[PDB]
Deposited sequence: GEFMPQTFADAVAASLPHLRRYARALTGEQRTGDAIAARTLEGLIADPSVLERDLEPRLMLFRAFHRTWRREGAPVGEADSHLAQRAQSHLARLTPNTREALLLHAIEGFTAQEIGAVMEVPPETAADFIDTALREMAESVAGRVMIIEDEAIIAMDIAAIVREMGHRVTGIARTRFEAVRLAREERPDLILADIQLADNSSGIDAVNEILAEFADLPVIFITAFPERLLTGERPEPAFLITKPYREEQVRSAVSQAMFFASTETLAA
């Protein structure tokens, strides 16, 4: 319908959002696929109501409220991620979660306030460009976390992981829009499989095809401070 196609064109965006809320690729992709299946199986109705992307995210949230699969206040990490990775406003965030825009702002504020109360953890960065590594590290330290080290190659990473085993890996392998550095991602995911692994990339859609083993957390390049904080804070929740 070009519309029904526009909804399937936002499926990788939902895979990213679902992977972050569940902390796993397998679980995130499964829920993201079942959301599109149900939207397709529905005959018309409730459309035109929303823009194609927002409607798919809204369909996700309707099921998210029934069942997931406490410490953090519910609805807050959801609104924060929608704000950080998708750039949604409080008004679009209110439409997706079916709350007033002022209430959606309260979700983001409470999320940002609990991030200030988070317990410290250890992060290792894999990064070649020095100036990026030092800016990323400065953010992680202002967050209250400790930077184990900066491995300039994925060869170095196994060394620094032995000396001090972090609880989180930040990786930027200077990937491109090619499919060449596909085995490099699989290697780093397999090495640190028991750790949450965030990948910095300028082409997130390439890592959002539920075909290969892919990360559950992503930092879009060029990065924004807020989206780096959201990624690390979300990943340093499934850390041990």
Deposited residues without C-alpha coordinates, grouped into stretches that follow sequence order: 1-5, 75-91, 263-268
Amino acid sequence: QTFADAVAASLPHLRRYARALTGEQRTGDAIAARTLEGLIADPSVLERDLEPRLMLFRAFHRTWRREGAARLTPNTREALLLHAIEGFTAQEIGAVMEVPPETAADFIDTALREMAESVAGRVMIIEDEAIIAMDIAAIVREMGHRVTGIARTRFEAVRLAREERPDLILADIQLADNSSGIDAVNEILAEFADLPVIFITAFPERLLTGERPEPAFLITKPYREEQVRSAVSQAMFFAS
From here on, numbers count along this sequence of modelled residues.
Between the two ranges 188-196 and 44-52, the one averaging a larger CA B factor in the entry: 44-52
Given 169-177 and 23-31, the range whose Cα B-factors average higher in the PDB entry: 169-177
From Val119, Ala161, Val96, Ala104, residue of greatest CA B-factor: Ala161
Modelled-residue ranking by C-alpha temperature factor, third containing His83: lowest
CA B-factor placement of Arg77, once the chain's modelled residues are sorted into thirds: lowest
Record-listed C-alpha B factor of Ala6: chain third: highest
Modelled-residue ranking by C-alpha temperature factor, third containing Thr89: lowest
Ranked C-alpha temperature factor of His61 among modelled chain residues, by third: middle
